[PDB]
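Visitor: Take a look at this one; I'll ask things after.
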Amino acid sequence: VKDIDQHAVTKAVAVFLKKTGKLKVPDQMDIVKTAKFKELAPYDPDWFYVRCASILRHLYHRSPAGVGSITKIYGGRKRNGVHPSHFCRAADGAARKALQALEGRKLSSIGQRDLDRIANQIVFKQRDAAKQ
Amino acid sequence: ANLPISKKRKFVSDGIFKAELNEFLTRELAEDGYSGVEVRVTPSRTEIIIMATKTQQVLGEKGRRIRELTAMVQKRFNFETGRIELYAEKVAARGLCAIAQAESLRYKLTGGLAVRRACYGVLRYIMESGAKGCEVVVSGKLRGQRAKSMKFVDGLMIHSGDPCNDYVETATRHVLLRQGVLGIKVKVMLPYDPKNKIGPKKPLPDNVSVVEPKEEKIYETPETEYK
Amino acid sequence: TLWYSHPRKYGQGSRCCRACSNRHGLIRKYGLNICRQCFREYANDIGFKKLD
Amino acid sequence: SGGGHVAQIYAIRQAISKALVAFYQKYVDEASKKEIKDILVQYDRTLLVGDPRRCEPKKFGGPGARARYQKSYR
Amino acid sequence: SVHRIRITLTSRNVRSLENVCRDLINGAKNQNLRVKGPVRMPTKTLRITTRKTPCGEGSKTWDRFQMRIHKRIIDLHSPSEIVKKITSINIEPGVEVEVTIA
RNA sequence: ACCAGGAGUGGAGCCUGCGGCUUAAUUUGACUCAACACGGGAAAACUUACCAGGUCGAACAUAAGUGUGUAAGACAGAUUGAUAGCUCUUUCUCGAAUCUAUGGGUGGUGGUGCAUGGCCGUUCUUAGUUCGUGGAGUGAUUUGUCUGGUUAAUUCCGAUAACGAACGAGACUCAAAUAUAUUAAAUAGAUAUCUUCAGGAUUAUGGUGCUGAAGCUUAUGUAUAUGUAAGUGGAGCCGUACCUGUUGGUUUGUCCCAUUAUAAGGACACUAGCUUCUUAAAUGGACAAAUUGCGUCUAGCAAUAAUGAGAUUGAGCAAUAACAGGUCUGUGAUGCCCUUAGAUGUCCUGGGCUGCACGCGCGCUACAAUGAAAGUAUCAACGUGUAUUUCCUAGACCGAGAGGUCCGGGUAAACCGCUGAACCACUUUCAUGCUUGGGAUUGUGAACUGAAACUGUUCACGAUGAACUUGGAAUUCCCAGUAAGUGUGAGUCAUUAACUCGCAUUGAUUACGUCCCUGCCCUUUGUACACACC
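Protein chains in written order, with the deposited numbering: chain AT, 6 to 108, 120 to 148; chain AD, 3 to 229; chain Ad, 5 to 56; chain AQ, 75 to 148; chain AU, 18 to 119.
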């Protein structure tokens, strides 16, 4: 949403589908190196679904969130094999099926004013959280 | 025929068609003093405007050599029999255009290094054709095995600036001789402003031509009638 | 039929030099196939004035 | 758009500054246009000067714009 | 019923592009072909760069080659029997007209 | 060229380049500036020139079978690398170009760049050359082409010893800053409102509110959601406008029409979206009496004046004379030399051009806390993309990956693409410890591209963690969006950048000089210097 910056605004929403039982956890959430650049696994799954905040401005300004236009341009800041650093494509995997985690085409049926506005109602409460 | 080809591949497809054409336009029509070809495109046909000097030998007996043009490139480029039209025109002031003069000096060398008989006469002919500046240059093996150059010059040759890319007209020529080869290269300089100058560019390189200050009758006494 | 190998529709051989038939110095891909040293001769009049 | 994570934000300095003048040049008042310049122009950090300093093209024989690489056993 | 015929114009000389708006649009808005003005296209500049010396032995210089292609667009709202005379006249060297029928 | 530095390499591993080594050949051209990630020279075959095996044949007058088959093709077993009836044991055959020893032309990546054409390179980042007409000399040759002042300048005053000269320099051509003031959009859109994508109660609340609202579960039907009651629970519920957001047309707006629907025709705002904007096609554009105790009255810096403009500012361009520079291997550019059924030519199968005790150069990631990780935020631009060739890829889908499937877009301001590039910004894990810095190194499988992958075609995983801790003497590069850091595109490209050209981003330090240094320019002077101090 076009409120205050989405550092923590991503961080809260990651808890809430994790709160609401709509985790829809990939069975290899402790396996994948989330792209062809990482030496180690991620810390956890808490990025893997969280880019709904990114698509809420990308359905707004870029495109209906096709996965090929998704994975290419974000999350590439890489140093690959030593002669020299280059770019990547990040090869997502299971969050192709994170539409099921939400329950010409449109990518979300609840991110119009239905569940994105809940996050706005979270950040309107986060205005009251930041009121002291 | 037509293609879904790109425009940038379309535009260079004209040029590889063009830059091939003036090669063998100098293979055959060097005997008639070939100078240049314009090719335009109108709807439902294209035109080929050849310019040469011996314009009665480009046509031949009973219209054979004109069909010889049309039978060539439609066999070459496989395009429409009828959409290709070739017309040969006369080079105005063959000495002034001078690239045919570069072609004819290959027919002048067989007078036994005919410098004063023929080759220096070309530099006389370019003022007999009435140009502005001129320069020819021949290099090769003369009176001995060693390579050596001459540069007979006459006039003003700019070599620099933008108008050198417009004014001066060079045309190198090669020729086979028994020794081995004499390279022929000519640099001419042509008065593109005054004479008729139908479509050259009508230029103005560096000159400051000054209009007269046009003296006045400062007093201008009334002398006015009332008609 | 016989003694002519090399199914030439892969590799550089043999999509080679449709302006001079000279291999090892080729500009292949602009729709030109020009053998770039011959492109020095035939730069004109296929546009390609130099500017900068 | 364009620019970068430093440069594109510097153009916004020219964005706020000229808008106040033009709204004061025609709509509000001559001196209202005056009173927003004089307090600014003491040093003003060139909030209105659009320097055309853009990048300089390369040269063959180098890696970059004007530098080069040498000592082929000179 | 009524047709809209968009007619693109491509060439290399900008003066010839200044020569086609010299007389085509003026001989058409007398009969009001609805030109919608000279619609400029961004140019398609073509860069090639090559070495100079064959058998590149010495002082590895280069040589840059440029090319400029420009278009300008004339759309018309008229049926096909109107625009037939405009395809005949005026014509221009190096300029190209692209009107499709079917 | 220093200097004041900045970054560097020279140290380390690796990619290459050249050598030397070797080998069947490791094909080669190039060796100070001006050979050395060069020959666009990123090679499995092809390239390929080299090496082994092979293989092909090409002209004619003569001529001799005659057409009792002169030929040419396959099986079959030998020869093979493949069926090369190339050869052949045995077979039939379209038979004639009379398949010739004989003209001799033909090819050649075969030789000479010290026989040449061409181009290109440097001489030289320059500022330098020449000509008629005079006087200077017997003459070579000078003068013009200079004393000084100044210039980037043989650029100009000015001595003015022809000039009006001529080439060079400049002038000129190409690039964002520049009034859209004019017409310019199927780019962008500004907007405007129509909207639709609607939270706040920020608003006003009408109905409602403790009476059970809101919220919640159970049941099955419908193909799990939904319906309802119960379950359930104790304040909110619901509608509008204001505030903040999608969308579609808002093209001569609306309503007209003809039309399937645009327009005007019919009127209204009479403008119910116009051109800021990207795009030009233009002319504007420090367009300089710009004032400044006047320098030889002229080219007295001053920063001062502007307020798109204190050059918007880099490139291209390049004369005379030259070099035994480089290229015969770019070419049907070529002298000559060499060769030709037994090829150096040519196509095939291989091989190699990559091989190694070693030397040398361009260049890559380092040697780490400004850091290596995880995260988040979220800015480019130059470009490029498939109809006689496999391009750009959108979308779904599957797969640790690698990729693969299915279905599109796109011949391109329109699609990939608003290419929403990287480093950097923000919290954490690390706790300097050859560590988690650094990824060479070797196994293994999984892959891709292609007939074919083997000092490898490249690519994935989980191992393997060496050298390497800022690199000696020497030594390169460069003054503003520059240096360097940092990506990306293109070029070659069946797949292969690790290099070369362009592009943008982040953005400094230091000089604003001088002639010690290597320098370079016809001023004077010296000589015993020819091929000129090697």
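Quick reminder that beta carbons are idealized off the backbone N, C-alpha and C, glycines included.
Who are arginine 89(AU)'s beta bridge partners in DSSP?
Guide: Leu26(AU) and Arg57(AU), per the DSSP bridge assignment.
Visitor: Is it true that the stretch 53-72 of chain AD meets the stretch 131-151 of chain AD, where meeting means three or more beta-carbon pairs spaced less than 8 Å apart?
Guide: Because the criterion of three Cβ pairs below 8 Å is not met, the stretch 53-72 of chain AD and the stretch 131-151 of chain AD do not touch.
Visitor: Does the distance from the C-beta atom of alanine 70(AT) to that of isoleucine 60(AT) stay below 7 Å?
Guide: Against a cut-off of 7 Å, the Cβ pair of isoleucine 60(AT) and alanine 70(AT) comes out as a contact.
Visitor: Along the beta strand (DSSP E) that carries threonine 70(AU), what are the first and last residues, could you check?
Guide: Counting along the chain, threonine 70(AU) falls outside any beta strand (DSSP E), and DSSP gives it neither H nor E.
Visitor: Under the three-state reduction of DSSP, which class applies to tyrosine 89(AD): helix, strand or coil?
Guide: It is a strand residue.
Visitor: Which residues in chain AQ have a C-beta closer than 9 Å to the C-beta of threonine 78(AU)? List them in chain order.
Guide: Within chain AQ, the residues near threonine 78(AU) are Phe134 and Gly135.
Visitor: For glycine 35(Ad) and chain AD, any beta-carbon pair shorter than 7 Å?
Guide: Closer than 7 Å: yes.
Visitor: Hey, quick one: how far does the beta strand (DSSP E) through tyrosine 36(AD) stretch, first residue to last?
Guide: Segment 36-44, the beta strand (DSSP E) holding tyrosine 36(AD).
Visitor: Could you check which residue in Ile118(AU), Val116(AU) and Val112(AU) has the C-alpha nearest to that of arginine 32(AU)?
Guide: When each option's Cα is compared against that of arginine 32(AU), the closest is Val112(AU).
Visitor: Mind checking which residues open and close the beta strand (DSSP E) that includes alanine 54(AD)?
Guide: 47-54 is the span of the beta strand (DSSP E), which, as asked, contains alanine 54(AD).
Visitor: What is the DSSP secondary structure of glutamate 44(AT), counted as helix, strand or coil?
Guide: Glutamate 44(AT): coil per DSSP, three-state reduction.
Visitor: For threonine 66(AU) versus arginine 85(AU), is the C-beta spacing smaller than 7 Å?
Guide: No. Outside cutoff.
Visitor: Spatial neighbours of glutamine 181(AD) within its chain, please: C-beta separation below 8 Å, excluding the five flanking residues on both sides.
Guide: Cβ neighbours of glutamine 181(AD) beyond the five flanking positions: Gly142 and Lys143.
Visitor: Over the uninterrupted alpha helix (DSSP H) stretch that includes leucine 94(AQ), give me the two end residues.
Guide: First-last of the alpha helix (DSSP H) with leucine 94(AQ): 81-97.
Visitor: Measure the beta-carbon distance from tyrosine 34(Ad) to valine 14(AD) and round it to whole angstroms, keeping in mind my assumption that it falls under 8 Å.
Guide: About 7 Å separates the two Cβ atoms, so the contact holds.
Visitor: Could you check whether the Cβ of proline 71(AU) sits closer than 7 Å to any Cβ belonging to chain Ad?
Guide: Chain Ad, which has a Cβ nearer than 7 Å to the Cβ of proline 71(AU), makes this yes.
Visitor: What residue range is occupied by the uninterrupted beta strand (DSSP E) comprising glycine 73(AT)?
Guide: Looking at the DSSP string, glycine 73(AT) is not in any beta strand (DSSP E); the run it does join, the alpha helix (DSSP H), is 72-78.
Visitor: Taking Cβ-Cβ distances shorter than 7 Å, what residues in chain AU pair up with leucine 55(Ad)?
Guide: Under the 7 Å cutoff, chain AU gives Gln83.
Visitor: In angstroms with no decimal places, state the Cα-to-Cα distance between residue 69(AQ) and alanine 85(AQ).
Guide: For residue 69(AQ) there is no data in the structure shown, the boundaries of chain AQ being 75 and 148.
Visitor: Out of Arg78(AD), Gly35(AD) and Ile50(AD), which has the shortest C-alpha to C-alpha gap to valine 60(AD)?
Guide: Among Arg78(AD), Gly35(AD) and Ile50(AD), the Cα nearest to that of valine 60(AD) is on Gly35(AD).
Visitor: Could you check whether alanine 17(AT) and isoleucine 138(AT) sit closer than 7 Å to each other, using their CB atoms as the reference points?
Guide: Contact: yes.
Visitor: Roughly how many angstroms separate the alpha carbons of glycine 29(Ad) and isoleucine 103(AU), rounded to a whole number?
Guide: If I take the Cα positions, the gap works out to 48 Å.
Visitor: Which first and last residues belong to the beta strand (DSSP E) in which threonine 172(AD) is found?
Guide: That run of the beta strand (DSSP E) goes 171-175.
Visitor: Taking only the alpha-carbon atoms, compute the straight-line gap between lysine 41(AT) and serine 90(AT) and give it to the nearest angstrom.
Guide: One C-alpha to the other measures close to 12 Å.
Visitor: Would you say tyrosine 46(Ad) lies against chain AD (beta-carbon separation less than 7 Å)?
Guide: With 7 Å as the cut-off, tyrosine 46(Ad) counts as an interface residue toward chain AD.
Visitor: Using a beta-carbon distance below 7 Å, is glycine 114(AD) in contact with chain Ad?
Guide: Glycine 114(AD) does not count as touching chain Ad.
Visitor: For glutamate 113(AU), return the contacting residues in chain AD, with the cut-off set at a CB-CB distance below 8 Å.
Guide: Those within 8 Å of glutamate 113(AU) in chain AD are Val43.
Visitor: With a threshold of 7 Å between beta carbons, is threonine 62(AU) in contact with chain Ad?
Guide: No, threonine 62(AU) does not count as interfacial toward chain Ad.
Visitor: Can you pull the chain AD residues whose beta carbon is under 7 Å from the beta carbon of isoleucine 50(Ad), in chain order?
Guide: Correct list: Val14, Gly17, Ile18, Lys20 and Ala21.
Visitor: Work out the CA separation of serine 25(Ad) and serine 106(AD) for me, nearest whole Å.
Guide: Straight-line Cα distance between these residues: approximately 30 Å.
Visitor: Starting from the C-beta of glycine 138(AQ), find all residues in its chain whose C-beta is less than 8 Å away, skip the five residues before and the five after it, and write them out in chain order.
Guide: The residues are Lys132.
Visitor: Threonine 67(AU) CB to nearest chain Ad CB: under 7 Å?
Guide: Judged by the 7 Å Cβ criterion, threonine 67(AU) is in contact with chain Ad.
Visitor: Got a sec: is the Cβ-Cβ distance from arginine 40(Ad) to anything in chain AU below 7 Å?
Guide: Yes, because at least one Cβ of chain AU sits closer than 7 Å to the Cβ of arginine 40(Ad).
Visitor: Pick out whichever of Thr15(AT), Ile9(AT) and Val30(AT) has its Cα sitting closest to the Cα of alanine 103(AT).
Guide: The shortest C-alpha separation from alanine 103(AT) is found at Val30(AT).
Visitor: So which residues of chain Ad does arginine 29(AU) contact, with C-beta pairs closer than 8 Å?
Guide: Chain Ad residues near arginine 29(AU): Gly51.
Visitor: Span of the alpha helix (DSSP H) holding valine 75(AD)?
Guide: Element bounds for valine 75(AD): 66-78.
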